[PDB]
Amino acid sequence: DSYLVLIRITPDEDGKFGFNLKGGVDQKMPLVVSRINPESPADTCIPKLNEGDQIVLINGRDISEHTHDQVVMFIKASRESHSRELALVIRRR
Amino acid sequence: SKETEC
Ligand code: NA
Ligand code: NA
């Protein structure tokens, strides 16, 4: 029914990946993609990021016990990265 | 109910 996807994204010139996030352990709501900015890096990588995708790992980090704000920081940290690339393992149904 | 642009 549900399956895991590894998504790999490089930020645009502004530093953004082109998606919005909701949830976190503070939000009593799993952590999920709420928006894909059309034609952004998140929309244009293969495989691509989808609205409603549940975030499982961020750069191999299990984020199930981290706050919303923490996860946003984890996302930003991957621009200062080695490959400057973001690697998300997501779950889709 | 937080929503953040990434
Ligand atoms: Na795809
Ligand atoms: Na990952």
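Per chain, numbering begins at 1; letters A, B, ... match sequence-line order. When reading the values below, keep in mind they use all heavy atoms of this one structure, side chains included, and skip hydrogens, waters and symmetry mates.
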Whether the side chain of [X] engages the backbone of [Y] through a donor-acceptor N/O pair (distance < 3.5 Å, no angle test) should be reported.
X       : Y       : answer
A/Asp12 : A/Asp14 : yes
A/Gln27 : A/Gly24 : no
A/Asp26 : A/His68 : yes
B/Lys2  : A/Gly23 : no
A/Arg79 : A/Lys76 : yes
A/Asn50 : A/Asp53 : no

To the closest 0.5 Å, what do you measure between [atom1] ([X]) and [atom2] ([Y])?
X       : Y       : atom1 : atom2 : result
A/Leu31 : A/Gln70 : CG    : CD    : 11.5 Å
A/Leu88 : A/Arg8  : CG    : CZ    : 11.5 Å
A/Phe19 : A/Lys48 : CZ    : NZ    : 14.0 Å
A/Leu4  : A/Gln54 : CG    : CD    : 9.5 Å

Looking only at heavy atoms, what is the nearest atom pair of [X] and [Y], with distance?
X       : Y       : result
A/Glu39 : A/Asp43 : N-OD2, 2.8 Å
A/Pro41 : A/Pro11 : CG-C, 4.3 Å
B/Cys6  : A/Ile75 : CB-CG2, 4.2 Å
A/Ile36 : A/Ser40 : CG2-OG, 4.4 Å

Tell me, do A/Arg84 and A/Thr10 make a side-chain contact under 4.5 Å, heavy atoms counted?
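A side-chain contact under 4.5 Å exists here.
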Let's go through A/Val33 and A/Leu49 carefully: what are the C-alpha distance in whole Å and the side-chain angles of both, what is the deciding distance for side chain to side chain contact (heavy atoms under 4.5 Å, CB included) to 0.1 Å, and is it a yes or a no?
CA-CA 8 Å; A/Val33 179; A/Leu49 194 65; 4.0 Å; yes
Go through the steps for A/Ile90 and A/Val56 under the test side chain to side chain contact (heavy atoms under 4.5 Å, CB included), then give the verdict.
CA-CA 5 Å; A/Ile90 69 81; A/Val56 187; 5.7 Å; no
Assess the residue pair A/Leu21 and A/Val71 against the criterion (side chain to side chain contact (heavy atoms under 4.5 Å, CB included)); give the C-alpha distance rounded to whole Å, side-chain angles, the decisive distance to 0.1 Å, and a yes or no.
CA-CA 9 Å; A/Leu21 177 63; A/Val71 168; 3.6 Å; yes
Quick one: do [X] and [Y] end up in the same hydrophobic cluster if we chain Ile, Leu, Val, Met, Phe, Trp and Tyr together by side-chain heavy atoms under 4.5 Å apart?
X       : Y       : answer
A/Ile63 : A/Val5  : yes
A/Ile7  : A/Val72 : yes
A/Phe74 : A/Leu57 : no

Kindly check if the number of other-residue, nucleotide or ligand heavy atoms within 6.0 Å of CZ (A/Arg92) is above 12?
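Yes.
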Do B/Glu5 and A/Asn20 pair up side chain to side chain, a donor and an acceptor below 3.5 Å, judged on atom types alone?
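No, because no side-chain N or O of B/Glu5 sits under 3.5 Å from a partner of the opposite role on A/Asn20.
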Between A/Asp69 and A/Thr67, do the side chains contain an N or O donor and an N or O acceptor separated by less than 3.5 Å?
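Looking only at side-chain atoms, A/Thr67 and A/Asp69 do not form any donor-acceptor pair under 3.5 Å.
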Should the pair A/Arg93 and A/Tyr3 be classed as cation-pi, given the thresholds of under 6.0 Å to the six-membered ring centre and 45° from the axis?
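No, cation not above the ring by the 6.0 Å, 45° rule.
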Which residues satisfy the side-chain contact (heavy atoms from CB on, under 4.5 Å) test with A/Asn59, sequence neighbours excluded?
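By the side-chain contact (heavy atoms from CB on, under 4.5 Å) rule, A/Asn59 matches A/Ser78, A/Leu86, A/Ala87.
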